[PDB]
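Heads up, the thing below is written out as C-alpha cells.
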Amino acid sequence: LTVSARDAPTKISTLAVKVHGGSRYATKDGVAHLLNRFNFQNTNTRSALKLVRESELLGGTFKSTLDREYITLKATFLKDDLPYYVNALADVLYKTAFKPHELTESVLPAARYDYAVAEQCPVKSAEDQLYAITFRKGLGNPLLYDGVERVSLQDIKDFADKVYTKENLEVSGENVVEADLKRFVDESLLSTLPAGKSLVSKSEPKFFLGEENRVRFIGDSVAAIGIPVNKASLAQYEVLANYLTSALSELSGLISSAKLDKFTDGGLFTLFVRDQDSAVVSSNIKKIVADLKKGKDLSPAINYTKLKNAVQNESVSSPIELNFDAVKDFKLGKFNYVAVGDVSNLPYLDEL
Amino acid sequence: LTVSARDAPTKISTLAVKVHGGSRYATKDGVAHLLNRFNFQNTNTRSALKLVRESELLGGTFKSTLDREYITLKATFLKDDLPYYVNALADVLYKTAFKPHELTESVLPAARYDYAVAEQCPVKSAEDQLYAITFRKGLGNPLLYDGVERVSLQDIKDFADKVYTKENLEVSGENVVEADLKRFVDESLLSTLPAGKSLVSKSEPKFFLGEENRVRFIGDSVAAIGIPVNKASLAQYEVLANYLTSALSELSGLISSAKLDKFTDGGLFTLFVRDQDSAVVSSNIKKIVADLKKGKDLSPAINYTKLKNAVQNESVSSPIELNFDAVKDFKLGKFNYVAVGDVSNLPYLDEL
Amino acid sequence: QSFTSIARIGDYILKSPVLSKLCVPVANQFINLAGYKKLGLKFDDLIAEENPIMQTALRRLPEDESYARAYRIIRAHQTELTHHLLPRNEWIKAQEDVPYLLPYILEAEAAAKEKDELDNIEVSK
Amino acid sequence: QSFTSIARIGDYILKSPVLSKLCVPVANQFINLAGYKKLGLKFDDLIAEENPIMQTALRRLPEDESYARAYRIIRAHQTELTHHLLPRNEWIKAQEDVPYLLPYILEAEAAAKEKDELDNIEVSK
Amino acid sequence: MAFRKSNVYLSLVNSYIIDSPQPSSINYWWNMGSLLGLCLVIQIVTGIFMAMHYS
Amino acid sequence: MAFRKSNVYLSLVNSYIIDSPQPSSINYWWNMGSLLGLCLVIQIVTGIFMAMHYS
Amino acid sequence: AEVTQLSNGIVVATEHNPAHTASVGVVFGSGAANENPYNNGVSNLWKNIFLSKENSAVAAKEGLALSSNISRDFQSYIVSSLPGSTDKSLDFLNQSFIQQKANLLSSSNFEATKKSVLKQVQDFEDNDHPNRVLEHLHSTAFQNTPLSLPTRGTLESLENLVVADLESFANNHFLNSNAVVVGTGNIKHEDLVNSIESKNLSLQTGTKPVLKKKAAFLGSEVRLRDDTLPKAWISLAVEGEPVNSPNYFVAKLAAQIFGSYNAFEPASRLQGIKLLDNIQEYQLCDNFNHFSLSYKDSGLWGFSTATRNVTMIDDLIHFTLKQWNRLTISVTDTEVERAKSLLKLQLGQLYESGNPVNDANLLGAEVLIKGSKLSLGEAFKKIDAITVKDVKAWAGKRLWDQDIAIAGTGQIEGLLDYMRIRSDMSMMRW
Ligand code: HEM
Ligand code: HEM
Ligand SMILES: COc1c(O)c(C)c(C/C=C(\C)CC/C=C(\C)CC/C=C(/C)CC/C=C(\C)CC/C=C(\C)CCC=C(C)C)c(O)c1OC
Ligand SMILES: COc1c(O)c(C)c(C/C=C(\C)CC/C=C(\C)CC/C=C(/C)CC/C=C(\C)CC/C=C(\C)CCC=C(C)C)c(O)c1OC
C-alpha cells in the first residue's frame, strides 16, 4: 500500500491505482484483459451509468489500461474533488458486481474489438510473437483475450481475488496533497481489502535466445528482432534504441521503430522493420543485423538519450539514471527474430 | 512423355495426366492451386459448359487434383470412348483461355472455399506447418492460395507455360489398350506441346532438424511431430507408421494418425496427436516421444505393413519393395514439432 | 402496472401476518381456478413480452430455462388447439410454479427507472 | 434485337465495298445528328442496361473503364438538366467513340446462346 | 423464387393470404374478420345492382 | 429512425412522396402524372357534390 | 501558472513551472493562411528541412530535440533542451535562422526533403480520411479565401516548388514584427530574456509582411464519393467564432454539450448526451465528435462522424441537427452545467499536459493574436458565468436557419442533398 503523491498550483489532479495483474501473471489466457475491460462496470452500490453521470457533473473521467505487467485504474479530475474519485476507485477494487449479463453485453464485445484493432496492425502481431518466444510463459503470455481456452465469469472473479490486494497495488496521485491522499486512502475500502501476496519475483526471467517465428499476413510486411536484457545492462540498450531512432544513426531511416520495454526485473529490446513489399524489408534488416554485428556508439546520444529518457515525465518514479555516463560501447550477440507478412519472401534467421 | 497403361475385361477406363507442378515448384504462393482450379475451365475451342454437357451424354467425368508435387488431370469414363478424353485432356494442357472473368467468377471463389475448408481442420494446419519448417522453401511451400503475395492472371499463365511441357508430364491410363493409347497421344495436341525441362531434382532436399512452431487455434488441440527421411531409409519409417496405426502397438490408441509421404526424392514422416482438451494432448505425445526414444520393433508388421503398402493399388508404378525384409529396428533421432490449439497448455520441444 | 409495483404491494401483504393469512389462501385458490397449470405453463410464461423490459429480461435468461420456456409454450399451444388439457401427471406443480423471470424483470425495471431519473436530474447551486 | 445480329448485318455491309462506300457516310451523318457526343457520351454508354446480358457485360468491364462510364453518365445528366451542351472541346471525338462494351456483350450473348442450345439438344440413336 | 413471391401484385396476395404465418392455436373466434370482409362485399355488390333501379 | 420512416402509414407516404429517389434530369414532361392524379380528384369531388342534386 | 511577456527589440514570452525539461522556440505570425494557391505547401516544406537528417543530427550531438508545427494562422520552430542547456538551444535557433538559413537549402538536401513531403502528403490523401475530410471542409467553407488552403499543401503546388519559393516566403514572413520567441519548461523569464538581449543584431527589422483580403464563410459542399472505402466520413459545420470573440467560450461549451462518442467504448455509450438515445437504437455511427475551431478571422462550429451504416446516414444527420435545434429553444440547465464541468476538464488537460512543446504552441499562438495569454483560472471564471440564456442567444445567431458547409468521402450515396440538410437547421412553428 505505497501511497505516493506530488502537489502543484494547477487545477487538474490525476489519481492512479497501479496493480500487478497484467498478462505476466495470468492464470488463463486474456483474463487480465477481460478484468481490465470489467473495471468501471457495475459495483454493488453504483451502476456504471450513475458513475459516468455523476463524474461528468463533477468534471472528471475514469479509464483502465492494461500493460504486460500492470492493470492501472486512473482518474482525471478537478483538484478539490479528490475524496470522490478515491472512493470510486475503492468501490471498483472491492466490490464490482460481475453480473453474467455485463459479461455478454459489454465486456466480451469491448474485448473482441480490442483484439480486432490489434489483429490488423502487423508490428503488434510481431511484438506479441517476440515476447512469446523469448520468455516462453511469463511476459510471453498473450496480452489480449482471443478465446483459445475457455474463460468463465468465475475465472475473471478468481483472478480479481488474487490480483486486487493491499500488497499488490500502489496508489499514486499526481497533483495531490499527500496529507489528504493518505488520509483518504486509509479512510476508505482500500484499507479494508485482503492483502495476499505480490508476484513481483526478483529472479531474472528465463529467456531463450536464437529463436524465430514466421507468421503469414495479408498487408504490410514486417521483420523484427528482440533482445533479452539484464537488470543492470539495460540502460545501454536504452541509448541504443534512442540512437537507432535519431539523426545520429545512418540507419534510422531504415527501420520503423526501436524501443526498450523496462520492467521491474529486466526488459526487452525491440526493433521493427516495416514496409509494403518484401524486397525492401529483407534488405533493410539484413543491413541492420550486419551493421550492428560490427557495432559501435561512442556515447554520441548520451545527453540526447538522457533527454528522451527524461521527457517521459510520467516515469518519475524512475529507475537507474547515471548508468548512461558509464558504458558507451555495444556489440550484438544472439537475438530473436520474427517475420510477419510476405513470408516466402522474407529472410530466415540463418542469413542475417 | 512416358505413356503407361494396363488393360482389363472391365467397363470403366481412367485416363490420367500427371504433371510435375505442385506446390514444390511454385514461383509465387498458391499459383499451383490457382492453376489446378483453372483446369477444365474454357479452352479456345470448347467452353467449360459444353465439355460437361458433352462428357455427361457420353458417360464420363473430369477432375483435377493438387499434390505437394503433382497436378493430376484425371478422366473417368466408359471404355470405348477413349479418344475423346485424350483430346479433351490435350485441349486443356495446350489451350485453356485464361479469361480474366473466369478468374474472378469461378477460380478465385473455388480456391477461397478450398482454403476455407482447410483453415478449419487443425491437423492440416499442422501438416502445413511441419512441411514449412523441415524443408524451408521447397516442399515447404504453401499448398493452397491465401493471397499473402499478389498473383495476377499472367502469373498463372506463366506458370502454366513452365509446367505444362512434354518433358514434365506422364500420360497414364488404367484399363486401356496401350496400343491405342500411345496411338492417340501421338495423334493429338500432346505431341505438339513445347518440351522444356523437368524439375525433378535428384539431390536430397535440405531439411533442418530440431525445429518447432506454435499456432493458436480455437477448436481441437493437436501436437504433431515430423521427421525427414532418406531416399533409402524410407521403407523402415513406412512400417513404423503402419506399426503405430495398428493393434500391434500399445500406443496406437494414443494418436490420431501417422503416415509417410513418399516423393520422388525422399519423404516426410508425420505423427498426429489430436483431442479436445490440452491435458490429454500433452500426455499422449509426451509418452510417444519417450516411448519411441527408447524405441523397438522386431519386424512384427513386416507382412502387415507389406499388406497395407500393397493395398494402395493405384501406387503400382510403385517404388522400392523388399526393403521391408531388410531393416526391422528403429531409434528416434531429432525431429520437428508443432503445437496447434490451446498453446499455453501444450508441451514445448524441450520437455519431450 | 410495473412488476416493481406489484412486488411492493405483494411483499407488504406477505410480511404482515394479518393480511398474509387472509389473502394468500384467496390467491392460492385464484391461481388454481386460472387453469394455466393444466396446460403445462408457469405463470411467468404468461407475461406479455412485447415491450423492452420483457425483451431485456428474456435476453438475460440462462440457456436452459430459455429452452424450457420454449417447450412449455409450444406444448401449451398444441394442447389448446386440440381442446384438451394435459394428463394430470404432466401439470405444473405449485413447487415448480416459481417466479423464474421475475428477478430479471425487476432488475431491468430498476436500471430503466434510474436512466429516466438521471436523464431528468435537476441541479442546484 | 441482339448485338450478334446487328454485328452480322453491319459487318456484311462494312466488307462489301459497294455498300461500305454507300452507307458509312449516311451512318456517320446520322451519328452526328444524334447529338450524344455533345453531351460527352459514347454510344455504348447509351445501351439500355436493364437485362441480364448487359449486367453480365458491365460486371466484366475493367475498373478504369467502369469509373469512366460512371463519370460520363453523371456528367450527361447534369448537362441535360441545365439545358446546355458541353463546351465543344469537351465533346467526345469520333476517335474516342469506340465500341468498348461491345466485345463483352457479344461474348455474353454467345455464352447464353450456347446454354440455350445445350439445354435443348435432341439425341439420335 | 416462386412467382407468387416475385410478382409485384401477387406477393401482396401471398404475404396476406397464402404464406402469412398464423399462430397454430387461434380458434373460430378469429374467423369473424373474414366474415366482415365478406359482409362488406355483399353490401356493396347488392347495393350497386339496386342503385341501378333506385330513384 | 425518423417517425416518417418507422410508422406503418407514414412510411408509405415517405417512400412514395418524400425520400423517393428521382433521376436528377427528368424534365417537365414527367409532371403529367401528378396532374392526372389531380384531375382524378377534381372529377370525384365535383361529381359527388353534384350527385347530391342530381336525379 | 504564469504569463510573463515583455518586448525588447523582439517580443519574448515565457511560462515557467518546475517540471523537468525546457522548450525554446520562435513562433511566426504567418501560416498556411498566408500562402497562395500556387506556393501552397511552402511552410510545410520549411518545417521539413528544419527537421532534416542534417539539421537534426547537429542538434542530437548537442543533446537537443527538434519539433515544428504548421497551422493556419501561425508557424512554430521549437527546440527542447535539458533545462540547464537553455542557452545551447538559443545557439541552435540562431545558428539555423541566420547562419544555416542559407545552408539548409542545399540541392541534395532540398530534393530529398521534397521527395519525402510528397510521399507524406500523398499518404495523407490516400489513407487519412477523417482529417482529409476535415481539411476539405475548410477548403469549401472558406473557398477563395486564406483559410481554404490546406496546411500540408497540395500535391501539385508542392512538386512545382523551388528553393526560391522557400526563400521569398522566408524573406516576407520570417521577419521580426511577425515573430515571437517562446520559452516553456521551468526556465525563468529573466533567465531567457537576458540571453536574448545578450546578442544584438536585428536582421531585417522594420520590414512588415504583405497584407491580404479577409476570410469569409460560404455555405457549400464538396463530396468526395468513393464506394471502395468501407465507411462514410463526414464533417458538417456552420461559421463559428474567431479567437477573441465574446462568444469564444459559449461556442466551445455548446460543442461540449454534444461532445464526442465512440460506439465500442462501454463508457462512451453512457454519457449524459440526449443524442445518444437516438443514434444507438440502430447504431447510426461508429463515432462522432463536435468541435469549435477558432482562427484569427473566423471559425467553424460543427461535428465530424464516421459510419458503416450506409443506408441510414440520413437519420444520423437528421437526429444530430434536431439536437442542435434545441440549443436555440430548449437546452436545459443541467446540460449546460454538465458541459461547464467537462469543458474545464478538457481545457485543463490541454493547457497543463506534462509536455512543454504543447505549452509553447498554445502560448505562442495566443500571444501572437491578442498580445497576451488568458490564464486557465481566468477561463474558468468565464466558463462558469455562462447561462442557458447565453447559449440560446448564441445558437439563435450561429445555428438557427444558417448556411452550412459539408464535406465527405467513402460511401456517401446516402448523404442527402444540400437543401435537405440545410432545411434541418430549424423547425416548423406556429
Ligand atoms: C357497408 C355497406 C353498406 C351498408 C351497411 C348498407 C346498409 C343499408 C341499409 C341499412 C339500408 C336500408 C335497408 C332497408 O331497406 O331496410 C340500405 C339501403 C340501400 N343501400 Fe345500402 N348499405 C351499404 C352499401 C351500399 C352501397 C355501396 C350502395 C351502392 C349504391 C348501397 C345502396 C343502397 C340502396 C340503393 C338502398 C335502398 C334499397 C333498400 O332499401 O334496400 N348501399 N343500405
Ligand atoms: C374519372 C372521373 C370522372 C370523369 C372522367 C367524369 C366525366 C364526366 C362527364 C364527361 C360528364 C358529362 C359532363 C357534361 O355535363 O357535359 C359527367 C357528368 C356527371 N358526373 Fe362525372 N366523371 C367522373 C367522375 C364522377 C363521379 C365519381 C361522380 C360522382 C357521382 C360523377 C357524377 C356526375 C354527375 C352527377 C354528372 C351529371 C352532371 C353534369 O352533366 O356535369 N362523376 N362526368
Ligand atoms: C393475420 O390475420 C389474418 C389475415 O391477414 C387475413 C388476410 C385473413 C383472411 C381474411 C381476409 C383476407 C379478408 C379480406 C377482404 C377484404 C380486405 C375486402 C375489402 C373490401 C371490398 C368492398 C372490396 C372491393 C370491392 C368492390 C369495388 C366491388 C366490385 C364490384 C363489382 C364487380 C360490380 C359488378 C357489377 C356490374 C354491373 C359491372 C385472416 O383470416 C387473418 O386471420 C386469421
Ligand atoms: C417515381 O415517380 C413519381 C411518384 O412516385 C410520385 C408519387 C410522384 C408525385 C405524384 C403523385 C403522388 C400522385 C398521387 C395521387 C394519387 C395516387 C390519387 C388517387 C386517387 C383518388 C381519387 C383519391 C381518393 C379520393 C377520394 C375518395 C375523394 C374524397 C372525397 C371527399 C372528401 C368527399 C367530401 C364531401 C362530403 C359532403 C363529406 C411523381 O411525381 C413521380 O415522378 C416525378
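Order of the sequence lines sets the chain letters (A, B, ...), proteins ahead of strands, with each chain counted from 1. In what follows, every heavy atom counts, from backbone to side chain, and hydrogens, waters and symmetry copies are set aside. For ligands, and for the atoms within them, numbers begin at 1 and follow the listed sequence.
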### Query
Hey, is atom 10 (C) of ligand 4 under 4.0 Å from any protein heavy atom?
yes
### Query
Given the protein's heavy atoms, is any one of them under 4.0 Å from atom 27 (C) of ligand 3?
no
### Task
Kindly indicate whether atom 41 (O) of ligand 2 is approached by any protein heavy atom to under 4.0 angstrom.
yes
### Summary
The atoms of ligand 4 lying under 4.0 Å from a heavy atom of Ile44(F), numbered in the order shown, are 22 (C), 28 (C)
### Query
Closest approach of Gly40(C) and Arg72(C), non-hydrogen atoms and distance?
O-CD, 3.4 Å
### Task
Could you tell me whether atom 19 (C) of ligand 2 has a protein heavy atom closer than 4.0 Å?
no
### Query
Which heavy atom of the protein is the closest neighbour of atom 33 (C) of ligand 3, given with residue, atom name and distance?
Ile48(E) CD1, 4.6 Å
### Query
Is the shortest distance from a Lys or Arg side-chain nitrogen in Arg69(D) or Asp44(D) to a carboxylate oxygen in the other one below 4.0 Å?
no
### Task
Provide the closest heavy-atom pair for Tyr104(D) versus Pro62(D) in the form atom of the first, atom of the second, distance.
OH-CD, 3.2 Å
### Query
Atoms of ligand 3 less than 4.0 Å from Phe49(E) heavy atoms?
35 (C), 37 (C)
### Query
So, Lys5(F) and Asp314(G), do they make that salt bridge, N to O below 4.0 Å?
yes
### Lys/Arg-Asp/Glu bridge criterion (N-O < 4.0 Å) met for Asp19(F), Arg4(F)
yes
#### Entry: Heavy atom of protein inside 4.0 Å of atom 3 (C) of ligand 2, strictly below
yes
### Query
Within the structure, does at least one protein heavy atom fall under 4.0 Å of atom 35 (C) of ligand 4?
yes
#### Entry: atom 7 (C) of ligand 3: nearest protein contact (heavy atom, Å)
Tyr16(E) O, 3.3 Å
### Query
What protein heavy atom sits nearest atom 12 (C) of ligand 3, and how far away is it?
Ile17(E) CG1, 3.9 Å
### Task
Look up atom 1 (C) of ligand 3 and tell me if a protein heavy atom lies less than 4.0 Å from it?
yes
### Message
Looking at every non-hydrogen atom in both residues, tell me the closest pair between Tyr282(G) and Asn309(G) and how far apart they are.
### Response
O-OD1, 3.2 Å
### Query
What are the atoms of ligand 2, with element, lying closer than 4.0 Å to any heavy atom of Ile48(F)?
29 (C)
### Exercise: identify the closest heavy-atom pair between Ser20(F) and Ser15(F)
CB-O, 3.2 Å
## Note on the structure
Nearest heavy-atom contact between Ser235(G) and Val133(G) is OG-CG1, 3.4 Å
### Query
Between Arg225(G) and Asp227(G), is the closest basic N to carboxylate O distance under 4.0 Å?
yes
### Query
Looking only at protein heavy atoms, which one is nearest to atom 18 (C) of ligand 3, and how far off is it?
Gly37(E) CA, 4.6 Å
### Query
At under 4.0 Å between heavy atoms, which part of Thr46(F) makes contact with ligand 2: side chain, backbone, both or neither?
neither
### Query
atom 41 (C) of ligand 3: which protein heavy atom is closest, and how many Å away?
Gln22(E) OE1, 4.5 Å
### Distance flag for atom 31 (C) of ligand 4, protein heavy atom under 4.0 Å
no
### Message
Protein non-hydrogen atoms only, distance under 4.0 Å: does atom 32 (C) of ligand 2 have such a neighbour?
### Response
yes
### Message
Can you confirm whether some protein heavy atom lies under 4.0 Å from atom 25 (C) of ligand 2, or whether none does?
### Response
yes
### Summary
Of all heavy-atom pairs linking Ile404(G) and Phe217(G), the shortest is C-CZ, 3.9 Å
### Task
Mark whether atom 22 (C) of ligand 4 lies under 4.0 angstrom from at least one protein heavy atom.
yes
### Query
Got a protein heavy atom sitting under 4.0 Å from atom 5 (O) of ligand 4?
yes
## Note on the structure
for atom 7 (C) of ligand 2, nearest protein heavy atom and its distance come out as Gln43(F) OE1, 4.0 Å
### Whether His129(G) and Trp233(G) hold their rings parallel, tilted or perpendicular, with breakpoints at 30° and 60°
tilted
### Query
Would you say the side chains of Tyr9(F) and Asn14(F) form a donor-acceptor pair under 3.5 Å?
no
#### Entry: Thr79(D) side chain to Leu39(D) backbone, donor-acceptor under 3.5 Å
no
### Query
Does a salt bridge link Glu105(A) with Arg59(C), judged by any charged N lying under 4.0 Å from a carboxylate O?
yes
### Message
Determine whether any protein heavy atom is located less than 4.0 Å from atom 13 (C) of ligand 2.
### Response
no
### Query
Which atoms of ligand 3 are found less than 4.0 Å from any heavy atom of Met52(E)?
37 (C)
#### Entry: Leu33(C) side chain near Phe30(C) side chain, heavy-atom distance below 4.5 Å
no
### Query
To which protein heavy atom is atom 30 (C) of ligand 2 closest, and what is the distance rounded to 0.1 Å?
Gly47(F) O, 3.4 Å
### Task
Identify, for atom 36 (C) of ligand 2, the protein heavy atom at the shortest distance, and state residue, atom and that distance.
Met50(F) CE, 4.4 Å
### Query
Between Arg60(C) and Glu65(C), does at least one N-O distance fall below 4.0 Å, as a salt bridge requires?
no
### Message
Quick test: of every protein heavy atom, which one is nearest to atom 13 (C) of ligand 3, and how far off is it to 0.1 Å?
### Response
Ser34(E) CA, 4.3 Å
### Message
Closer than 4.0 Å to some heavy atom of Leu40(E) - which atoms of ligand 3 meet that?
### Response
20 (C), 22 (C)
### Message
For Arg88(D), is there an ion pair with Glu90(D) - N to carboxylate O distance below 4.0 angstrom?
### Response
no
### Query
Tell me: protein heavy atom nearest atom 1 (C) of ligand 2, and distance?
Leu40(F) CD1, 3.7 Å
